[PDB]
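Taking the form deposited in one PDB entry, here's one chain by itself in structure tokens.
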């Protein structure tokens, strides 16, 4: 059995028996499975654009697309954009849960951060992308493109996205990047859109835009 190098979270996640698959154990209930199927039926375009592919289920294990699979040197950041169980967000509208090399920067997921500390941790995450300003700018711009479309699409989705994370990935050489929504374990049906989750995404767009333009 090969344990998957999770950047954050608590769930048991292992490499699949075949290439490009991770198996995530549904720890507490099968709600995550119920929610993937609900989104498949009602919001299929959202699922295709923004969520790792669900390949199927093996007992309590979801077979998911490995978002790190096609990367030589992946850098991963987990940002919780849905409501936390009980606590307020560590950066006001969202909580950075972890990132590649965060230990080197004395990152603490329990620490409440100022705007300046929040921006500095995102800058820390980008340092592995090296000194080629142009390439790292293109990574930020590609993230902004997808997050802006996500924020727009969220207005017409009647789900409370409790506990969901954005998984940001870029390669050391900045040749490839993506961002996707994961962790649907606490997601619930509601009669309106989720303004709290939209506010998390628009706040990230503002921060990344500032980084992409700052000389």
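Residue numbers count along the first chain shown, from 1.
Quick note: we don't show the form deposited with a small molecule bound, though the next part is all about it.
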Taking 4.5 angstroms as the heavy atom distance cut-off, pick the stretch from 78-86, 114-122, 141-149, 127-135 that is near the small molecule in the entry with it bound. 78-86
Would you check, heavy atoms only and a 4.5 Å threshold, whether residue 10 touches the small molecule in the entry with it bound? yes
Is residue 171 close to the small molecule in the entry with it bound, meaning a heavy atom pair under 4.5 Å apart or at it? no
Please determine whether residue 186 contacts the small molecule in the entry with it bound, using a 4.5 Å cut-off between heavy atoms. yes
Interface membership of residue 28, the small molecule in the entry with it bound, 4.5 Å heavy atom rule: yes
